[PDB]
Amino acid sequence: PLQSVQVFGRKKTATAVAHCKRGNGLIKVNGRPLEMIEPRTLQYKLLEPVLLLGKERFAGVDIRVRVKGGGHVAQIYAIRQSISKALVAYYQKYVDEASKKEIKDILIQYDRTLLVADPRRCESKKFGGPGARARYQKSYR
Amino acid sequence: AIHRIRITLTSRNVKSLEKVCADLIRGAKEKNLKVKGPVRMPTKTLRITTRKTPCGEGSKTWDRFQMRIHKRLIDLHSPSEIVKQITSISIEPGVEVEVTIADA
Amino acid sequence: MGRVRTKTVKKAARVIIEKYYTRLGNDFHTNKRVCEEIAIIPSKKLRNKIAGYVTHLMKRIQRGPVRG
Amino acid sequence: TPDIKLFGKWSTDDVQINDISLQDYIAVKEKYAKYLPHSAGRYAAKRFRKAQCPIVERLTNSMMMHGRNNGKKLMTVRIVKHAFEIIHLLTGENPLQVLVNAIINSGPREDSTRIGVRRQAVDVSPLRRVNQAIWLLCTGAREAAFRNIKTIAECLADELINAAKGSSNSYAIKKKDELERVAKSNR
Amino acid sequence: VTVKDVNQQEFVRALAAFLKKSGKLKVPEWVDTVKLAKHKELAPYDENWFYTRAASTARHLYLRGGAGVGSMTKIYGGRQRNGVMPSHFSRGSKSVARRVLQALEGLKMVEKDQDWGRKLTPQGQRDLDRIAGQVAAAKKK
Amino acid sequence: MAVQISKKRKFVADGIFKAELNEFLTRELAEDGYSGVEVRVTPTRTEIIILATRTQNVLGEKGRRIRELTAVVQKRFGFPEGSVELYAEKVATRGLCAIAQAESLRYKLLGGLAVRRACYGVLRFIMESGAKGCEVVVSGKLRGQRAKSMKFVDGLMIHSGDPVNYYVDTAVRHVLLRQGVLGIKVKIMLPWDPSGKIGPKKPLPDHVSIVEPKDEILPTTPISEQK
RNA sequence: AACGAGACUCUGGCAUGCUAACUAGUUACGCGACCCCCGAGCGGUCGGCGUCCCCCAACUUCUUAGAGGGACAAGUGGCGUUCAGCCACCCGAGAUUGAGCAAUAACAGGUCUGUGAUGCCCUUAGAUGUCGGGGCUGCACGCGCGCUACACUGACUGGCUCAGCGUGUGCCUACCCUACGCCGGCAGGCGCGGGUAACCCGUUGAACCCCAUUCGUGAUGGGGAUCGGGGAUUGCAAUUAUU
Ligand SMILES: [Mg+2]
Ligand SMILES: [Mg+2]
Ligand SMILES: [Mg+2]
Ligand SMILES: [Mg+2]
Ligand SMILES: [Mg+2]
Ligand SMILES: [Mg+2]
Ligand SMILES: [Mg+2]
Ligand SMILES: [Mg+2]
Ligand SMILES: [Mg+2]
Ligand SMILES: [Mg+2]
Ligand SMILES: [Mg+2]
Ligand SMILES: [Mg+2]
Ligand SMILES: [Mg+2]
Ligand SMILES: [Mg+2]
Ligand SMILES: [Mg+2]
Ligand SMILES: [Mg+2]
């Protein structure tokens, strides 16, 4: 019997899809382990959900993540939101309801943007200035 | 016998293009032609940004014109005679209709 | 800010109430459909604004009568 | 700890804000304990949303300044990181308590407004006390390590230490004392 | 272990020694008087740069087939400072990348692909996996 | 070519063709009430349609003019002989086509008439044919050596928003006289023909309209009648 | 009563609901194969990596683009002559995205060097309607918009790892975007293919940023002006240096 669920996360034109499936541990993003994602200064940022729910909740699932878009920092947030959105969706279809609304609150109390993406996008440039709001230098005399 | 045939439509007006494509889908399905639903390719956007004034005086304003090209394709497995039968009827607007005889 | 409705919205809502007084209730998501079916509003934003002023008027007509 | 984030290594419990005014405007512990001073952080949305920000992310944000440092935040987190370890070596106290004491010792509580060179004295709001403290503490580290062989991380720790141990040898405390003296003259 | 499970900066360092431990992989003659790209200012610091770039090219071919010279020279391209005028992106050196791919073929490590390009042989995947395992077991990752 | 032009160039080239044909037929059928072309590329043929007010003048004697027009349109745009096919047609309710009125006023002024008399005549005609409003401007050296402008408005007229891309017809025409050029500008508002084609459908955005039913009776007794 | 404001159009944010896709994918296993034990184990079975190859597999989560939905100051508490409305909060993708369009009246504003728009004046064969050469770039100086810097929050040398909006073979007009092999330190050359394009360049291996070396407060390895000598390409032609 197949048992799996696919979810996604977004942050500034950078999608990250996570596939959760019954297994043992093994949170793997783009084939490489989670401990070796390029910017290791934000290492504690994509570890927060598992450092929050404990190693025991990610003990019956095998999550695989694939990312594409944005930059080196907009993808960390995509991954970190996608794996949470995945564990919360797997717990609400194959487990009880309180068992999912407990981890939902554990996650959404410490930080939003773990379950709800944020809608900030770049703004358009206008003629007469190097950017959206700045204007070129005025010159009387 | 049977042939894999491809119709492609493209136009600058969504309403009439979708109407033509839907009526084609219907008028080909009623004869059990095993149609393959419309495939919406990305919409193309030609853009031209010009100065608003002749003569170069005044505040430096600009105009942004743009044209939009919508494109769809349909795939059928049917004899070519029936394809020419159904594809040459009820083409109201300035939509294109191209037929190719082998694309699969 | 804004959120000040215009005469085109207020007059429409007043007419809608003065004709179909008995079909309108106190919730917004039903008044929306009622005004959608009885009138012809050529937009969806205008429909929501008219249906939202109709509710605010209905909440008052249950008290003392308004003067329009 | 499984439910208490420190900083990786720096525990955020047993840190005391010994002011009654400046607390509720310094977000150190018990709800704002986080692993890194780096969040998305739509904190510049409404008027007072800024006081809910962790203080280490209020310093990380302010430290990247003067042109060729704007947006370079992953460079500005490693600075605070390398500085906290220098602080823990030179003193031995929890490096967050040194930061809190430095923020307290360097925000002016009287200041003066130009009015009608006529100035009139006024008292500083707590949020402006925190903001001025952070700005003053960052400018000292900036100006101290501009053409020295010392690094921006040694001088930030020097500043924090000389500020928490009120000494007038730090740029921030010299500046506080001037603003309050100039304001006392115009009293 | 696989090649993707280990820190790549130590993997390149180990593979460079592996290559410069056999005596094979004949280097060009101009190794001491070459700038490595148009956008550089000096010759590489490391005297034995050719083995490091061969290891890098091999680990890059392990991760995408059919690479060919015109992409190796994009993989090593960076920024050029045109003195007083703004900076731009610039390509690597075709001669260097071509001689590196020809020196790797001289080791049975790579072969010309079926579609035009270069690809690892079965014998090269093995030599990369062995070094990956060696690195993983060394640092006890 | 062995592989034909791309879609972008194809559509741009179609637009340039239509613009050049419209310019050509504007410069010629002015005295015959030319009011627009409709290129309808039909199976096996390229058909062009010319709406006008005086169709006999368009085709002429046995159709000499229309055949000359087919000839030139086939010579200049490089069509294979026998492809270009041209038709004339009469426009209904000519008072609502701005170009027709603009050219009519241009020739009525080129023939000698008090400019106010001419403008008021065309205003009368345009408003009588059924139209929410009109506006006619004439700019130039009217009665003197210093230029001026004279505007004659009537009825309702909108200037702003999206509803102006429809619901209005605009025409700008130059008219050269013994001393310099005059500029004619005509604007007309189309009167919302529902399901018809004298104006547009899709009424104005700020036009909410309410219907009123009846047949509800208050006298009621709980009777259940059967069938 | 009319115009302008608003309404209106495009755009950004949300749909695990609908429509449906080898010119987009996912998962599954049919697979088959490579590789390493990296796990129990043996190395096999189970697994782990794959932009390695297939499916007339199942599907639309990610991609595409159409139709609808959805936000209304609607709910709750204060302040309001209890009216129009304002502040705060719950729920929420969101409680104040960004542009386009825009009135009456006017200016001796700019444009006769955009026009086969144009009045009058001038010239019209010793032309004010064509070819060769020079100029528009000349340098005591005054001014405007800008690029690069004044370094250690740095420069250099290696390694690693992420985009989006576009354009692409030309009718007169003759030129487009490039893969991959070879040759050359480099600019560049030769040879063979794809693309009129969600099909090929392209999974657009972008820069800053990230990780390690050398430098050490010295106008220094910061900065890159000015100038000498050499090599290529475009073109009918490069000197007053085209790049
Ligand atoms: Mg910018
Ligand atoms: Mg209006
Ligand atoms: Mg408007
Ligand atoms: Mg009134
Ligand atoms: Mg209220
Ligand atoms: Mg909420
Ligand atoms: Mg707006
Ligand atoms: Mg105006
Ligand atoms: Mg002009
Ligand atoms: Mg003139
Ligand atoms: Mg000019
Ligand atoms: Mg000539
Ligand atoms: Mg000449
Ligand atoms: Mg000049
Ligand atoms: Mg200017
Ligand atoms: Mg570098």
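Figures for the structure shown
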| item | result |
| --- | --- |
| Approximate shape of region F:99-227 as ellipsoid semi-axes (Cα gyration tensor, √5λ), whole Å, largest first | 50, 13, 12 |
| Simple label model, 7 Å out from Cα along Cβ direction - C:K11 to F:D14, nm | 4.3 |
| Shielding of A:108-115 by partner chains, average beta-carbon count, 10 Å | 2 |
| Relative contact order [Cα under 8 Å, 6+ residues apart], chain A, whole percent | 28 |
| Label point distance in nm, F:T70-F:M150, each placed 7 Å from Cα along Cα→Cβ | 4.5 |
| Loop-located chymotrypsin sites (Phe, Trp or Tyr not before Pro) in region E:57-141, at most 10 other Cβ atoms within 10 Å (DSSP) | E:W116 |
| Alpha-carbon centroids, region A:74-141 and region F:175-195: separation in whole Å | 54 |
| Residue-averaged 222 nm ellipticity for chain F, from DSSP H runs of 4+ at -39500 (n - 2.57), nearest 500 | -9500 deg cm²/dmol |
| Candidates A:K104, A:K125, A:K28, ranked by Gaussian network fluctuation over chain A, Cα under 10 Å, top entry | A:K125 |
| Chain A, helix-only ellipticity at 222 nm - DSSP H runs n ≥ 4, -39,500 (n - 2.57), divided by all residues, nearest 500 | -8000 deg cm²/dmol |
| Listed residue pairs exceeding 32 Å between alpha carbons, taken from A:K125/E:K4; A:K68/A:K104; A:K85/B:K44; E:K24/E:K74; E:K21/E:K139; C:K45/F:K185 | A:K125/E:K4; A:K85/B:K44; C:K45/F:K185 |
| In region E:18-72, trypsin sites (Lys or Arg not before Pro) in a DSSP loop with at most 12 other beta-carbon atoms within 10 Å | E:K21, E:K24, E:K26, E:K38, E:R64 |
| Built amide H within the under 5 Å cut-off of D:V124, gap 5+ | D:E110, D:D111 |
| Most positive-pole-ward Cα, D:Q97, D:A153, D:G71, against dipole of chain D from beta carbon charges | D:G71 |
| Residue order, fewest to most surrounding Cβ atoms within 10 angstrom, among B:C21, A:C122 | A:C122, B:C21 |
| Helix axis angle, A:74-90 relative to chain A longest principal axis, alpha carbon, degrees | 30 |
| Efficiency of FRET between F:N57 and B:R26 - r from beta-carbon atoms, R0 41 angstrom, step 0.05 | 0.35 |
| Candidates per GluC sites (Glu not before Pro) in region E:8-96, loop by DSSP, up to 14 other Cβ within 10 Å | E:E29, E:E41, E:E47 |
| Rule-of-thumb Rg ratio for chain A [Cα; 2.2 N^0.38 Å; N residues] | 1.33 |
| Residues B:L17, F:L204 arranged by fewest to most Cβ contacts within 10 Å | F:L204, B:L17 |
| Amide H contacts of F:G133 (H built 1.01 Å from N, under 5 Å, at least 5 apart or other chain) | F:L156, F:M189 |
| Separation of alpha-carbon centers, chain C and region D:119-144, rounded to whole Å | 54 |
| Label-point separation in nm, A:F8 to D:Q52, each point 7 Å along Cα→Cβ | 2.9 |
| 222 nm mean residue ellipticity, helices alone, for chain B (DSSP H n ≥ 4; -39,500 (n - 2.57); rounded to 500) | -7000 deg cm²/dmol |
| Efficiency of FRET from Cβ geometry, B:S88 and B:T45, R₀ 22 Å, rounded to 0.05 | 0.10 |
| Of B:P54, B:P38, B:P79, the one that fluctuates the most in a GNM where chain B has Cα springs shorter than 10 Å | B:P54 |
| Note, ³J(HN,Hα) from phi for region B:75-85, Karplus 6.51, -1.76, 1.60, rounded to Hz, x at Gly and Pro | 10, 10, 10, 7, x, 5, 4, 5, 5, 5, 5 |
| Residue order, fewest to most surrounding Cβ atoms within 10 angstrom, among D:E178, F:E216 | F:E216, D:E178 |
| Chain A: angle of helix A:98-110 to the longest principal axis, Cα-based, in degrees nearest 10 | 30 |
| Long-range HN-HN contacts of F:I50 with modeled amide H, under 5 Å | F:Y87, F:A88, F:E89 |
| FRET efficiency, F:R124 to F:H174 (Cβ-Cβ, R0 30 Å, nearest 0.05) | 0.80 |
| Residue of A:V29, A:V61, A:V95 that the Gaussian network model of chain A assigns the largest fluctuation, springs spanning Cα pairs under 10 Å | A:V95 |
| Reciprocal mean inverse distance between Cα atoms of region E:18-82 - Kirkwood radius, Å | 13.5 |
| Distance between region D:1-40 and region F:19-80 - C-alpha centres, whole angstrom | 82 |
| Whole-Hz ³J(HN,Hα) from phi, Karplus 6.51 cos²θ - 1.76 cosθ + 1.60, for region F:45-58, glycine and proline x | 7, 10, 9, 10, 10, 10, 7, 7, 9, 10, 6, 4, 5, 5 |
| Three principal axis lengths of chain F [C-alpha, angstrom, descending] | 83, 63, 40 |
| Note, ³J(HN,Hα) from phi for region A:8-17, Karplus 6.51, -1.76, 1.60, rounded to Hz, x at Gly and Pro | 9, x, 9, 7, 6, 6, 8, 8, 9, 9 |
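Each value in this text was obtained by applying a stated rule to the coordinates, not by laboratory testing. All Cβ positions, even for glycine, are placed from backbone atoms using ideal geometry, and neighbour counts span all protein chains on display.
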